[PDB]
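Here the structure is laid out as structure tokens; the discussion comes afterwards.
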Amino acid sequence: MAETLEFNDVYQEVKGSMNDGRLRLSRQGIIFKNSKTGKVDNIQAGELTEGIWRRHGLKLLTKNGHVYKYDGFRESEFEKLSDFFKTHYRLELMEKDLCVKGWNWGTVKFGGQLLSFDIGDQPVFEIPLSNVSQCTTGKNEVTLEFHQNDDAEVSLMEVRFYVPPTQXXXXXXXXXXXXXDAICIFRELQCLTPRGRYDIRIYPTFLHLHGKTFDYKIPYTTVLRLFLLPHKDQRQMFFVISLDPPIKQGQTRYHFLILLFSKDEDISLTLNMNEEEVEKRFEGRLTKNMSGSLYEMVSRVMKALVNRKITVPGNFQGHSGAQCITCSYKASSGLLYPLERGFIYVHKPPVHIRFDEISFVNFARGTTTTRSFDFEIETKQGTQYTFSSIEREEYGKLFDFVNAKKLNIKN
Amino acid sequence: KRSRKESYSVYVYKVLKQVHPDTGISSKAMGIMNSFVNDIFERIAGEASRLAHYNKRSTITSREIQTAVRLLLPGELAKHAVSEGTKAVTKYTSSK
Amino acid sequence: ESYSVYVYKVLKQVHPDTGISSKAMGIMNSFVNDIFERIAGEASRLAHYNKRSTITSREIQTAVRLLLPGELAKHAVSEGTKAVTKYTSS
Amino acid sequence: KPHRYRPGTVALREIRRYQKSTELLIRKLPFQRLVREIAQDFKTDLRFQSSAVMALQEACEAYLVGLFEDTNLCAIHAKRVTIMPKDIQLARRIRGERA
Amino acid sequence: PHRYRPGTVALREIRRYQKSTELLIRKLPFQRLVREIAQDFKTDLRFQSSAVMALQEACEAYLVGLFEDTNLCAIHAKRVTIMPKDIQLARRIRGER
Amino acid sequence: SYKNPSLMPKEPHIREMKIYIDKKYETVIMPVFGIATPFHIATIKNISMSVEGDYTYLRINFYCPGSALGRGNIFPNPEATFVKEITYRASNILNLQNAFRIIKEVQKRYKXXXXXXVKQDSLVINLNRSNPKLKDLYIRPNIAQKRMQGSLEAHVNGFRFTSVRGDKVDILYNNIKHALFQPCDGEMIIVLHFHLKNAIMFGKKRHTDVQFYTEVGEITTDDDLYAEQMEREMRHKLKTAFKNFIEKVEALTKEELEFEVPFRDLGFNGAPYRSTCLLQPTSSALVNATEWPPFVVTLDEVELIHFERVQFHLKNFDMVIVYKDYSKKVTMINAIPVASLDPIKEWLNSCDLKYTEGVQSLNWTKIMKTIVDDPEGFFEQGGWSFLXXXXXXXXXXXXXXXXXXXXXXXXXXXXXXXXXXX
Amino acid sequence: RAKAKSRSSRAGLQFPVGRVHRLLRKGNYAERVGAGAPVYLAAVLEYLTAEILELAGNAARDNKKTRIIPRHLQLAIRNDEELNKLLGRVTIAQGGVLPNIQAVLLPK
Amino acid sequence: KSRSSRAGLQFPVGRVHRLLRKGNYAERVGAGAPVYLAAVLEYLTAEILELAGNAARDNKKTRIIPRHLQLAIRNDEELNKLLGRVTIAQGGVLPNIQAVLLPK
Amino acid sequence: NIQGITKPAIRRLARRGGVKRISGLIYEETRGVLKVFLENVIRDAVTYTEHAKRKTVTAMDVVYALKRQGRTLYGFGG
Amino acid sequence: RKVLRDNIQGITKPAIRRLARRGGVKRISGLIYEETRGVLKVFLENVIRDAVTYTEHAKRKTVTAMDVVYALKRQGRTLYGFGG
DNA sequence: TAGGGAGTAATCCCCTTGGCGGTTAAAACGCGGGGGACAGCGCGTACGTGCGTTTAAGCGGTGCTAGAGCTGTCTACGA
DNA sequence: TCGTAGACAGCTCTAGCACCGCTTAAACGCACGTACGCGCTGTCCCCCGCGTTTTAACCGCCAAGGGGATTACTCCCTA
């Protein structure tokens with residue numbers, strides 16, 4: 001049969017705006033050598049069973065479950081490639097164009113590697129398991145997480161349907177989703193941002209916040225510097241995490257995690273990893289089993305997973321052995337814990353201040369001994385942090401500690 | 001050497017019996033009313049002192065006390081107190 | 001009358017480089033009359049209370065520390081007693 | 001059982017019961033010890049009237065009643081059951097002892 | 001075509017008018033209302049208008065303190081839409097009721 | 001959207017990955033994984049954007065159960081699976097914000113395209129000798145932004161408010177339910193209100209409460225007593241010309257259209273319109289025709305009456321007009337006088353409604369949805385005996401030693417040692 | 001002189017004239033006071049206290065308790081318009097409260 | 001020759017003492033009481049004049065205005081604590097920038 | 001003429017109040033409490049003004065009225 | 001006789017609770033408690049201060065209920081019955 | 001400038017300040033635990049805001065009657 | 001209880017209302033844009049209540065005592 005009718009400029013849409021490649025043809029098969037990846041694709045005389053003539057191009061349906069979305073073909077390619085087909089393939093390229101209705105009433109049908117959302121015998125997608133990243137179900141909205149390959153153009157990210165909750169059915173291929181392996185297990189840790197109690201399980205390169213309603217992943221991109229903070233009475237040990245990047249909820253983000261742990265969160269933690277494996281993996285900071293708390297051995301694990309040291313909390317005691325006092329800021333009473341490279345707040349919200357941003361501190365001097373002094377900070381980025389209602393025996397020590405950090409003073 | 005303690009108790013005690021003979025009493029209520037009347041006496045007398053200074057007047061008529069009542073407390077019952085007091089003033093100022 | 005002559009003279013003693021509005025002088029003589037009559041009425045009360053006929057600085061000091069306790073009151077008492085002692089020296 | 005009621009309906013009955021009543025709730029001995037304590041914290045030489053003690057308990061529990069009405073009427077606009085000090089902060093604020 | 005976004009204008013008006021001492025309602029409908037309420041008991045009430053401006057400033061400042069307390073009620077609600085319920089609340093906690 | 005395959009991508013936006021909005025086809029072309037699908041505007045809820053720097057994020061909600069069906073049923077096929085939302089991303093080197101903001105006016109003109117369309121019959125004018133033709137009448141709802149003036153002309157099955165513009169507002173007799181006539185008996189307006197049965201399309205909108213007043217007010221911004229003679233004489237001559245208009249339309253309506261007289265004997269200052277003005281009964285209605293709008297109620301479709309908030313120092317309380325029609329929504333009249341409570345109560349006894357009060361309140365539309373579960377079945381569930389009280393599960397009071405102590409104070413026998421003064 | 005007859009009866013009252021006249025001389029309220037004016041004061045206070053004790057005895061009869069308790073006095077001062085508004089800042093020794101009840105606090 | 005000279009006071013002991021003669025607050029007048037009174041008046045006078053000079057130099061002006069005095073009220077809350085409901089002609093308030101009303 | 005106070009003057013007062021989103025029933029509530037404070041001061045000042053045997057009203061009536069209720073102004077006399 | 005301590009902290013939870021139930025409060029987090037200990041107390045210290053200002057004026061070591069009366073009327077915190 | 005006012009002297013006397021041996025009763029701990037307290041959807045309905053004009057304010061000026069300020073002479077009621 | 005503090009009769013002054021006129025600005029308003037209050041939903045959560053102990057508040061009675069209530073001279077202050 002015919003050797004080639006070569007294309008070097010036509011798209012194969014591979015999970016978003018995936019640009020042109022190299023569509024050579026061979027005497028039994030069809031060769032795609034992409035202009036970005038270079039992977040060699042061969043669809044032979046036994047694989048090609050259909051090519052959808054939708055907008056046009058050879059949207060080739062093999063019986064692989066795979067949809068080889070060759071695209072960039074004019075209407076004149078409807079026959080001159082079919083003349084390529086006319087020896088052995090002899091393909092009836094269907095005209096449709098199945099769903100221009102703009103109308104959503106149709107059926108979700110689990111394909112084995114694909115998924116159809118049919119609108120009157122003419123579906124809208126058969127986007128494969130290879131071209132989805134993750135898939136969870138819901139009630140009544142199945143969450144399809146299409147994590148795009150970093151395209152600066154229009155990039156589809158999340159899709160969900162009205163799927164009735166597997167009514168006399170089941171999540172077939174939805175259960176056949178990708179695996180994002182748990183090592184260490186931190187269940188029912190009490191978190192303040194968000195308010196409640198959730199779960200944590202540690203994966204080799206990231207983690208998963210597990211729980212009921214708002215429960216997500218923790219990449220090691222998020223962890224950037226370990227923040228270990230005590231309590232002012234030491235009955236607790238706060239643990240606040242610079243979630244940078246912030247994970248999201250569906251409306252807003254999670255910029256900083258506050259974990260309220262008592263002093264009595266005490267348990268030995270089983271890192272389920274060998275001692276020869278952590279010297280590879282953790283650079284000599286954990287072995288397998290060190291006893292401790294849900295704070296102490298946790299923060300050992302966290303320092304290992306960030307592979308980064310601690311911005312030391314404020315060990316400067318203000319007054320009467322407390323780390324600091326609760327104070328009014330952003331209409332929230334919370335603990336202003338100093339840091340090695342800034343400050344941290346609790347519990348509304350996780351306001352992390354840097355020392356290398358502060359232009360100066362400045363004062364709003366109140367009157368009454370029942371917390372009227374106010375301690376604002378103007379940073380060089382313009383981010384002002386105006387802390388209200390501070391005492392006297394504590395603010396005078398805060399003054400000395402600020403001058404120890406040489407944060408300048410305006411009045 | 002006598003030094004007798006002084007209050008105003010038997011008056012309102014008898015008027016209590018004038019309108020409620022059956023109703024008993026507490027000295028608790030007696031302290032209530034004595035504290036009350038010394039309070040209100042002080043209030044209206046000090047306001048009369050104020051306004052006599054304000055009118056630049058060495059004297060205080062019951063014009064002064066009438067407006068001190070009506071200013072200091074409203075009410076048709078206050079007007080009835082004005083009526084009763086005006087009655088007793090026209091009584092004793094007629095030497096009756 | 002007013003103390004506005006005396007208030008203006010005390011002004012041009014302690015802050016001679018300071019102009020003044022008439023409403024500022026009205027503020028001045030306003031709290032002059034106010035706090036003067038406050039102290040005068042409370043000292044009259046305390047003259048009535050402990051069966052007293054004439055008034056000295058003890059009752060005025062007491063009326064101050066009733067009205068304003070604190071350290072401004074302490075230096076007020078100090079200045080008052082030293083001015084009374086200066087009057088007492090002749 | 002021991003039959004647990006609605007946790008507060010019996011306390012509602014107690015609220016209705018004691019708001020009918022007019023008596024004290026602070027016992028005399030630690031109260032008087034507080035009086036001697038704080039008075040000598042100001043200044044020593046304390047010969048006391050017990051009449052002054054009872055008038056003080058009346059005055060302080062009346063101030064308590066002012067705090068109670070401020071608390072519960074903010075709790076009207078709190079639309080909540082558990083109590084916040086913010087209520088009392090606004091109570092002193094609109095009261096004007098500190099603002 | 002620009003249409004100014006609200007709130008920052010209100011910030012400028014907080015910085016200007018809470019600082020300033022000047023009258024918002026104009027003087028003559030005010031004075032007309034003053035003599036209007038004055039007639040309700042007695043005729044022939046000539047007014048030294050300095051007293052009228054004094055009571056104007058006094059009542060307006062009372063209103064401003066009431067606005068403060070009403071905004072305290074609003075932030076206690078953690079809300080921004082104002083109710084006269086909150087205003088009477090501010091009255092009774094102020095001690096009018 | 002499109003019902004034609006020949007309704008193609010007019011530009012294939014797969015060649016740009018460019019989002020596109022198409023109001024003329026009432027659709028929107030969106031690159032759904034290289035499939036620039038058109039989408040109906042009636043299949044989409046809304047859209048919003050979140051900035052993070054360059055790679056922003058767009059949520060796009062669609063009409064679905066939970067969004068348009070509920071999880072109303074103008075698309076009643078929920079078990080056919082829909083789409084709920086999708087989410088785009090775009091960096092910044094865009095036009096996506098520009099096509100984003102278009103959806104607003106797209107849905108504006110699209111629901112404008114979804115117009116509601118009560119156009120009355122063209123009235124046969126009868127310019128005869130017995131034609132009640134009454135000048136100087138002020139319609140509200142006004143046609144222009146100003147107060148429109150005109151002249152009312154009566155006929156055999158309608159009125160003709162010939163405007164100053166000449167726009168003949170025809171008021172059919174089979175349209176009016178409640179004709180109202182507030183006099184100027186001390187009033188500032190004397191109205192010919194005609195509450196209709198239809199929301200009729202005139203001016204700009206569809207109206208049922210249409211009133212025709214003439215303001216004769218006194219104090220404005222511009223001993224002899226002859227201007228008051230002028231005022232009394234003009235009010236009386238205008239009102240007696242209006243009574244002539246009444247007795248002449250009663251020569252045309254033949255006493256079939258009730259000019260319902262205000263029962264100002266049972267008058268009060270209530271507020272279901274939440275503006276306390278003169279509220280007083282009529283034939284089958286309380287009315288507030290002294291202002292805008294006039295109050296129109298039907299006493300006839302009222303099952304019973306619950307008074308609300310009848311409690312100490314509640315001078316301004318409410319009342320539930322429990323209708324027979326619970327699809328007819330219930331108004332709560334603010335500022336009901338405690339003094340005017342009992343006369344309206346015995347007037348409800350004249351409406352064959354035994355006077356039943358109460359203090360408690362609830363969501364009343366919830367109770368409307370509760371009673372339409374079963375009308376007589378809710379009546380089995382206590383019914384409106386629920387409005388008062390019907391047993392409980394508790395004790396009572398049960399007190400203890402609530403009595404005066406014997407050792408309690410009683411300064412009876414004080415002292416006889418008493419005297420006068422010097 | 002003659003017998004010191006009761007000028008209380010010359011006002012038709014209980015209260016002493018020269019005693020309250022001594023009180024006004026003691027309080028230093030002015031240089032002088034018109035003669036019927038303290039008598040006017042005493043009569044007004046007598047009427048006021050009379051209204052008070054009348055309504056207090058009414059509320060005590062509502063309690064059916066002859067011996068006066070301060071809760072008689074408490075519901076007396078609470079259950080008024082005019083003097084209730086006038087006497088706000090005053091509390092009562094062993095007074096009691098207003099036992100307020102909220103049905104919105106009551107479950108359904 | 002006046003008693004303000006013997007007491008070293010700025011305020012007239014003659015005028016205050018004559019107003020106490022027109023006062024009749026008590027029976028007689030102990031002559032050290034108006035001396036002590038005018039001394040405390042001079043004390044608080046110099047106090048508020050120093051406060052006014054400080055508020056004028058913090059606003060870079062010379063004429064004493066009740067806006068500076070209102071800044072002394074609203075900012076030195078000892079004065080507003082002693083004078084709660086007592087108000088000031090042409091004073092204003094603080095444009096009190098609260099925490100929630102700011103962005104971020 | 002309680003509507004002699006313009007709703008924009010009220011908005012001026014309310015941004016001088018620093019209060020943002022304002023219901024329509026706020027305005028007449030504020031007008032009522034305005035009239036209350038107003039009429040109390042007016043009642044008392046007029047009462048002494050009648051007692052002061054004069055017709056032309058000075059600011060000493062304002063002094064005495066604001067004095068008695070403790071709403072006292074500085075700047076004018078006392 | 002005793003070190004002046006630990007009596008405001010000697011105030012028990014359910015006494016405060018009884019006060020708040022005649023106060024009519026329905027359910028309370030304790031953190032209010034110590035708050036109240038300071039505020040009423042200081043006000044109490046205030047009037048004790050005022051009483052000190054009377055009693056040092058009164059030339060006595062005795063403390064009467066009279067000074068309480070003078071304070072409470074100068075407080076605005078008015079009370080009858082206990083008029084001495 | 002004299003006669004009333006506050007202080008030192010003597011004698012006695014009431015309350016409570018301390019405190020133990022008893023009484024009983026208010027309160028904290030252990031633990032279930034559930035009815036109440038607080039953070040996302042969601043939306044639509046009340047609130048903030050450009051252009052036209054629509055009418056209110058009051059100053060540029062002057063008249064004016066009358067309540068109020070100042071002066072001379074005078075009489076009766078609380079101290 | 002005496003004598004002077006307002007009272008009464010005049011003598012003279014200036015201030016907000018009345019009047020004519022026009023420009024400049026506060027404000028209704030109307031549709032457009034907007035944003036968060038309340039209900040629903042879900043997710044907790046900390047004192048209420050029951051058992052139990054347990055340790056503190058308070059009367060009888062003792063035991064005196066001490067600063068204050070009471071009355072007498074004696075030197076001192078002011079309009």
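Starting from 1 in every chain, residues are counted up; chains themselves are A, B, ... following the order of the structure tokens, and ligands are numbered from 1 as listed.
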**Q.** At most 12 Å to chain K: residues in chain C, only C-alpha atoms (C1' of nucleotides), as a ChimeraX atom specification
**A.** /C:50-55
Could you write those residues out with N, CA, C and O atoms, as a PDB file, in the first residue's frame?
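This is the output file out09.pdb:
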```
ATOM      1  N   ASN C  50     -18.375  65.970 108.172  1.00  0.00           N
ATOM      2  CA  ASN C  50     -17.732  65.780 109.465  1.00  0.00           C
ATOM      3  C   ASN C  50     -17.903  66.973 110.390  1.00  0.00           C
ATOM      4  O   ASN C  50     -16.984  67.269 111.165  1.00  0.00           O
ATOM      5  N   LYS C  51     -19.041  67.670 110.289  1.00  0.00           N
ATOM      6  CA  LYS C  51     -19.510  68.665 111.257  1.00  0.00           C
ATOM      7  C   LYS C  51     -18.557  69.859 111.316  1.00  0.00           C
ATOM      8  O   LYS C  51     -18.168  70.336 112.383  1.00  0.00           O
ATOM      9  N   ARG C  52     -18.188  70.336 110.133  1.00  0.00           N
ATOM     10  CA  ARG C  52     -17.119  71.310 109.994  1.00  0.00           C
ATOM     11  C   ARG C  52     -17.690  72.663 109.603  1.00  0.00           C
ATOM     12  O   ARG C  52     -18.710  72.737 108.910  1.00  0.00           O
ATOM     13  N   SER C  53     -17.026  73.729 110.052  1.00  0.00           N
ATOM     14  CA  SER C  53     -17.486  75.095 109.853  1.00  0.00           C
ATOM     15  C   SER C  53     -16.660  75.874 108.841  1.00  0.00           C
ATOM     16  O   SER C  53     -17.235  76.590 108.018  1.00  0.00           O
ATOM     17  N   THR C  54     -15.337  75.783 108.899  1.00  0.00           N
ATOM     18  CA  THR C  54     -14.478  76.398 107.902  1.00  0.00           C
ATOM     19  C   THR C  54     -13.671  75.313 107.205  1.00  0.00           C
ATOM     20  O   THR C  54     -13.623  74.164 107.651  1.00  0.00           O
ATOM     21  N   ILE C  55     -13.043  75.684 106.092  1.00  0.00           N
ATOM     22  CA  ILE C  55     -12.452  74.726 105.166  1.00  0.00           C
ATOM     23  C   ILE C  55     -10.958  75.007 105.063  1.00  0.00           C
ATOM     24  O   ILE C  55     -10.542  76.171 105.042  1.00  0.00           O
TER      25      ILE C  55
END
```
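Proximity to range 13-18 of chain G at 10 Å, evaluated using only C-alpha atoms (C1' of nucleotides) and with sequence-adjacent residues fewer than 4 positions away removed, yields residues 8, 10, 11, 12, 14, 15 and 88 of chain B; 420, 421 and 422 of chain F; 6, 7, 8, 9, 22, 23, 24, 35, 36, 38, 39, 40, 42, 43, 45 and 46 of chain G.
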For the selection you just gave me, I'd like the residues written to a file as an mmCIF file, in the first residue's frame, keeping N, CA, C and O atoms.
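Heads up, here's the output in part_24.cif:
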```cif
data_model
loop_
_atom_site.group_PDB
_atom_site.id
_atom_site.type_symbol
_atom_site.label_atom_id
_atom_site.label_comp_id
_atom_site.auth_asym_id
_atom_site.auth_seq_id
_atom_site.Cartn_x
_atom_site.Cartn_y
_atom_site.Cartn_z
ATOM 1 N N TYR B 8 -37.205 60.237 110.296
ATOM 2 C CA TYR B 8 -38.571 60.542 109.894
ATOM 3 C C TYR B 8 -39.248 59.222 109.579
ATOM 4 O O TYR B 8 -39.230 58.769 108.430
ATOM 5 N N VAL B 10 -42.168 57.779 111.872
ATOM 6 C CA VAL B 10 -43.506 57.600 112.418
ATOM 7 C C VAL B 10 -44.532 58.254 111.507
ATOM 8 O O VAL B 10 -45.681 57.811 111.426
ATOM 9 N N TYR B 11 -44.104 59.275 110.762
ATOM 10 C CA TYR B 11 -44.954 59.971 109.799
ATOM 11 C C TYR B 11 -45.469 59.020 108.734
ATOM 12 O O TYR B 11 -46.675 58.766 108.623
ATOM 13 N N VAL B 12 -44.542 58.452 107.970
ATOM 14 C CA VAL B 12 -44.861 57.541 106.889
ATOM 15 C C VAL B 12 -45.383 56.223 107.434
ATOM 16 O O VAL B 12 -46.188 55.552 106.786
ATOM 17 N N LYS B 14 -47.454 56.143 110.012
ATOM 18 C CA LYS B 14 -48.865 56.433 110.214
ATOM 19 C C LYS B 14 -49.607 56.553 108.894
ATOM 20 O O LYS B 14 -50.767 56.162 108.805
ATOM 21 N N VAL B 15 -48.952 57.067 107.855
ATOM 22 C CA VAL B 15 -49.630 57.205 106.562
ATOM 23 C C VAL B 15 -49.801 55.839 105.899
ATOM 24 O O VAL B 15 -50.813 55.565 105.226
ATOM 25 N N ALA B 88 -51.401 73.075 100.313
ATOM 26 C CA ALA B 88 -50.904 73.260 101.674
ATOM 27 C C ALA B 88 -50.199 74.604 101.837
ATOM 28 O O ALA B 88 -50.168 75.168 102.937
ATOM 29 N N UNK F 420 -41.915 67.911 119.983
ATOM 30 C CA UNK F 420 -41.942 68.838 118.856
ATOM 31 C C UNK F 420 -40.588 69.519 118.661
ATOM 32 O O UNK F 420 -39.549 68.862 118.703
ATOM 33 N N UNK F 421 -40.607 70.833 118.448
ATOM 34 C CA UNK F 421 -39.380 71.589 118.213
ATOM 35 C C UNK F 421 -39.489 73.018 118.741
ATOM 36 O O UNK F 421 -40.551 73.447 119.194
ATOM 37 N N UNK F 422 -38.381 73.751 118.674
ATOM 38 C CA UNK F 422 -38.339 75.129 119.149
ATOM 39 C C UNK F 422 -38.057 76.096 118.006
ATOM 40 O O UNK F 422 -37.051 76.808 118.023
ATOM 41 N N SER G 6 -49.187 72.177 116.066
ATOM 42 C CA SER G 6 -48.590 71.500 114.927
ATOM 43 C C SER G 6 -48.856 72.275 113.644
ATOM 44 O O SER G 6 -49.998 72.361 113.179
ATOM 45 N N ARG G 7 -47.795 72.837 113.068
ATOM 46 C CA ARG G 7 -47.897 73.445 111.752
ATOM 47 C C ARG G 7 -47.982 72.409 110.639
ATOM 48 O O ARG G 7 -48.281 72.777 109.497
ATOM 49 N N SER G 8 -47.699 71.137 110.945
ATOM 50 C CA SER G 8 -48.070 70.028 110.076
ATOM 51 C C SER G 8 -49.559 70.026 109.791
ATOM 52 O O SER G 8 -49.964 69.894 108.635
ATOM 53 N N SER G 9 -50.376 70.185 110.829
ATOM 54 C CA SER G 9 -51.804 70.393 110.668
ATOM 55 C C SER G 9 -52.132 71.722 110.010
ATOM 56 O O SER G 9 -53.154 71.819 109.324
ATOM 57 N N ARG G 22 -34.751 74.426 109.703
ATOM 58 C CA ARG G 22 -33.409 74.248 110.237
ATOM 59 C C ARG G 22 -32.528 73.494 109.257
ATOM 60 O O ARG G 22 -31.339 73.796 109.127
ATOM 61 N N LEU G 23 -33.102 72.522 108.549
ATOM 62 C CA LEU G 23 -32.336 71.758 107.571
ATOM 63 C C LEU G 23 -31.873 72.634 106.418
ATOM 64 O O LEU G 23 -30.740 72.498 105.942
ATOM 65 N N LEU G 24 -32.733 73.545 105.961
ATOM 66 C CA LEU G 24 -32.319 74.440 104.889
ATOM 67 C C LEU G 24 -31.329 75.475 105.393
ATOM 68 O O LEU G 24 -30.484 75.944 104.621
ATOM 69 N N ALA G 35 -41.010 81.087 102.635
ATOM 70 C CA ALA G 35 -41.435 80.363 103.833
ATOM 71 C C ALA G 35 -42.278 79.136 103.513
ATOM 72 O O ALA G 35 -42.126 78.098 104.166
ATOM 73 N N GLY G 36 -43.152 79.223 102.521
ATOM 74 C CA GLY G 36 -43.925 78.058 102.159
ATOM 75 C C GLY G 36 -43.175 77.034 101.348
ATOM 76 O O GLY G 36 -43.640 75.900 101.211
ATOM 77 N N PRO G 38 -40.151 75.247 101.828
ATOM 78 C CA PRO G 38 -39.835 73.931 102.408
ATOM 79 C C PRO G 38 -41.073 73.164 102.799
ATOM 80 O O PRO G 38 -41.064 71.929 102.796
ATOM 81 N N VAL G 39 -42.140 73.878 103.143
ATOM 82 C CA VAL G 39 -43.424 73.239 103.385
ATOM 83 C C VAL G 39 -43.946 72.633 102.094
ATOM 84 O O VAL G 39 -44.482 71.517 102.082
ATOM 85 N N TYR G 40 -43.774 73.360 100.986
ATOM 86 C CA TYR G 40 -44.104 72.847 99.662
ATOM 87 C C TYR G 40 -43.294 71.601 99.345
ATOM 88 O O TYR G 40 -43.832 70.610 98.843
ATOM 89 N N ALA G 42 -41.905 69.496 101.578
ATOM 90 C CA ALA G 42 -42.337 68.412 102.448
ATOM 91 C C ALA G 42 -43.653 67.818 101.978
ATOM 92 O O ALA G 42 -43.835 66.598 102.008
ATOM 93 N N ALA G 43 -44.563 68.667 101.499
ATOM 94 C CA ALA G 43 -45.836 68.182 100.978
ATOM 95 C C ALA G 43 -45.642 67.377 99.706
ATOM 96 O O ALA G 43 -46.298 66.347 99.505
ATOM 97 N N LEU G 45 -42.873 65.745 98.798
ATOM 98 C CA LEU G 45 -42.232 64.491 99.173
ATOM 99 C C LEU G 45 -43.207 63.564 99.869
ATOM 100 O O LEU G 45 -43.152 62.344 99.684
ATOM 101 N N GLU G 46 -44.135 64.134 100.629
ATOM 102 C CA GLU G 46 -45.168 63.345 101.273
ATOM 103 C C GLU G 46 -46.085 62.706 100.246
ATOM 104 O O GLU G 46 -46.395 61.516 100.349
#
```
Q: Among the residues of chain H, find those DSSP assigns to helix (DSSP H, G or I) from the backbone and print them as JSON, numbers by chain.
A: {"H": [3, 4, 5, 6, 13, 14, 15, 16, 17, 18, 19, 20, 21, 32, 33, 34, 35, 36, 37, 38, 39, 40, 41, 42, 43, 44, 45, 46, 47, 48, 49, 50, 51, 52, 53, 54, 55, 56, 57, 58, 66, 67, 68, 69, 70, 71, 72, 73, 74, 75, 77, 78, 79, 80, 81, 82]}
Q. For the atom pair CA of residue 38 in chain A and CA of residue 26 in chain A, what is the interatomic distance in Å to one decimal place?
A.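 Going from CA of residue 38 in chain A over to CA of residue 26 in chain A, I get 17.3 Å.
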Q: Can you work out the spacing between CA of residue 151 in chain F and CA of residue 179 in chain F in Å, to one decimal?
A: 16.9 Å
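Here CA of residue 22 in chain A stands at a distance of 10.8 Å from CA of residue 37 in chain A.
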Got a sec: who's within 8 Å of residue 19 in chain E, counting only C-alpha atoms (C1' of nucleotides), leaving out chain neighbours fewer than 2 positions off, as a tab-separated table (two decimals) with N, CA and C atoms, in the first residue's frame?
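The result, written out as around29.tsv:
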```
chain	number	residue	atom	x	y	z
E	14	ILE	N	-13.75	58.81	56.32
E	14	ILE	CA	-13.42	58.61	57.73
E	14	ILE	C	-12.23	59.48	58.12
E	15	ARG	N	-11.18	59.49	57.29
E	15	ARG	CA	-10.00	60.28	57.61
E	15	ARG	C	-10.27	61.78	57.54
E	16	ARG	N	-11.24	62.20	56.73
E	16	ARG	CA	-11.53	63.62	56.60
E	16	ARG	C	-12.55	64.09	57.62
E	17	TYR	N	-13.71	63.44	57.66
E	17	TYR	CA	-14.86	64.05	58.31
E	17	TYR	C	-14.91	63.71	59.79
E	21	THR	N	-14.86	69.04	61.96
E	21	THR	CA	-15.83	69.44	62.97
E	21	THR	C	-17.03	70.12	62.33
H	92	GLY	N	-14.24	67.42	66.88
H	92	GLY	CA	-14.11	66.23	66.06
H	92	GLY	C	-13.86	65.00	66.91
H	93	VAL	N	-13.47	63.91	66.24
H	93	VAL	CA	-13.01	62.71	66.93
H	93	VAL	C	-11.73	62.22	66.28
H	94	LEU	N	-11.19	61.12	66.78
H	94	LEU	CA	-10.18	60.46	65.97
H	94	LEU	C	-10.82	59.80	64.76
H	95	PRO	N	-10.20	59.92	63.59
H	95	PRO	CA	-10.51	58.97	62.51
H	95	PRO	C	-9.92	57.61	62.82
```
Q: Excluding residue 8 in chain E and any residue of its chain fewer than 3 positions from it, enumerate the residues within 10 Å of it, using only C-alpha atoms (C1' of nucleotides), and give them as a list in words.
A: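 Listing them by chain and then by number gives residues 4, 5, 11, 12, 13 and 14 of chain E; 101, 102 and 103 of chain H.
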